[PDB]
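Numbering (mature numbering (1 follows the signal peptide of the UniProt record, and there is no 0)) for the sequence shown: 51 to 210, 215 to 383.
Worksheet for the structure shown next.
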Amino acid sequence: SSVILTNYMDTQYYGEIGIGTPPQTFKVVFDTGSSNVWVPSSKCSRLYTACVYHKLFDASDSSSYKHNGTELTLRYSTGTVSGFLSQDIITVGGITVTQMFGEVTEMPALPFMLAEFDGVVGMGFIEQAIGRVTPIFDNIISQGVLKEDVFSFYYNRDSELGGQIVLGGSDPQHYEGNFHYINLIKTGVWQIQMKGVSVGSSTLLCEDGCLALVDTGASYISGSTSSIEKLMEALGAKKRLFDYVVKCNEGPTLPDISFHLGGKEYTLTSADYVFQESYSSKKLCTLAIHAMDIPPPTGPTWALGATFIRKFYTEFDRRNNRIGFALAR
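Listed below in structure tokens is the structure:
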């Protein structure tokens with residue numbers, strides 16, 4: 051089974067899921083960095099403008115809904131949502147599963163007013179699930195219908215298909231060459247060992263090793279504040295409140311950035327990480343690499359998001375606790 055994804059400005063990749071009977075439709079991001087499912091709730095005060103601007107789940111319109119009510123708060127890197135748990139049937143890519151998910155009643159304008167999607171579907175392990183709620187992928191596996199306990203992500207370039219998730223395998227149509235796997239450091243987290251990060255000609259980063267969280271829900275490739283400061287200084291980039299910029303005319307001149315993973319070098323060109331909006335020296339162009347301090351126990355750690363996945367088709371293998379990469383087609 052595959053899920054068709056929409057690509058919004060190269061920063062938000064989302065697909066549709068249906069909740070309830072009759073189905074209530076929601077745009078959601080599939081995030082390997084978290085493990086809970088959530089959508090905005092009809093019980094969310096309209097004082098939260100983000101709730102006024104998104105699809106709201108109304109339990110009183112679903113005959114398959116099952117009440118629970120346990121309160122839950124979900125804390126992400128860029129924001130927080132709070133609400134309560136509910137159960138209902140969820141349709142994802144043709145598969146139907148009963149699932150416990152969050153009905154959000156508090157959703158801050160910043161950053162959710164800037165969200166194209168309505169909610170999130172955690173693709174992480176149950177070990178990271180808040181409130182110990184069984185993750186949707188564990189529930190699907192329990193049905194014993196998938197041919198493989200693995201799911202794969204394909205994120206297309208902005209263009210204007216936006217992207218695609220395959221539940222149960224991989225799509226040969228969107229990758230070439232063969233996969234090269236890296237074993238997970240531990241079950242419970244889609245995190246892997248990274249042997250090093252090189253910029254141009256000088257592996258001046260992640261010497262002695264570091265961690266890499268393969269995060270489909272992250273728009274960019276991120277590193278700790280210290281690591282990014284070095285990487286950026288090397289790039290000649292200036293720091294701003296929420297990102298790093300470079301004078302556009304110099305975007306094409308930026309050096310390659312490479313990521314040593316499992317005995318293979320994964321290299322990005324400047325075209326791969328800079329939002330080349332123009333070429334003027336009087337304009338600033340943002341970079342798809344940010345500074346993000348991810349808290350323990352998962353962090354500190356680098357995060358390989360869309361910027362990376364766009365270049366490399368990614369397969370998450372639950373049966374063998376490994377992650378595979380292959381050149382995206």
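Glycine residues also receive a C-beta, built at the ideal position from the N, C-alpha and C atoms.
Around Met163, the same chain offers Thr99, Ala100 and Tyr103 as residues with beta carbons nearer than 7 Å, after the five sequence neighbours per side are excluded.
Straight-line measurement puts the Cα of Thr155 at about 10 Å from the Cα of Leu122. Look at the stretch 281-337 and you find these whole runs of alpha helix (DSSP H), each 4 residues long or longer: 324-327. The stretch 335-348 makes no contact with the stretch 240-247; the number of CB pairs closer than 8 Å stays below 3. For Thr99, the enclosing alpha helix (DSSP H) stretches over residues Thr99 to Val102. Restricting attention to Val78, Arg207, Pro306 and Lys284, the CA atom closest to the CA of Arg383 is found in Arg207.
The beta carbon of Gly217 sits closer than 6 Å to the beta carbons of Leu55, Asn57, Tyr63, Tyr204, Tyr205 and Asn206 from its chain, once the five residues preceding and following it are set aside; these are given in chain order. Proximity to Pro161 across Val131, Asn189, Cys302 and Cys260 peaks at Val131, based on C-alpha coordinates. Taking a C-beta distance under 8 Å as the contact criterion, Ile139 and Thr71 qualify as a contact pair. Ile239 carries a coil assignment under DSSP once its states are collapsed to helix, strand and coil.
Under the Cβ criterion (8 Å, minimum of three pairs), the stretch 80-99 does not count as touching the stretch 250-262. Look at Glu261 here: in three-state DSSP terms it is coil, with no helix or strand label. Separation of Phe379 and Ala165 (C-alpha to C-alpha, rounded to the nearest whole angstrom) is 28 Å. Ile219 sits away from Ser114, with the two beta carbons spaced by 8 Å or more.
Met150 is not a Cβ neighbour of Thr82, given a cutoff of 8 Å. As far as DSSP is concerned, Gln178 takes part in no beta bridge. Fewer than three Cβ pairs drawn from the stretch 292-309 and the stretch 227-239 lie within less than 8 Å of each other, which leaves the two stretches out of contact. Per the coordinates, the alpha-carbon of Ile191 lies some 9 Å from the alpha-carbon of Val200. DSSP places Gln74 in the strand class (E or B) of the three-state scheme.
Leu289 and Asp269 have their alpha carbons spaced roughly 24 Å apart. Here the alpha carbons of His344 and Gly277 stand approximately 7 Å from one another.
Rounded to whole angstroms, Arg376 and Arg96 show a C-alpha spacing of 43 Å.
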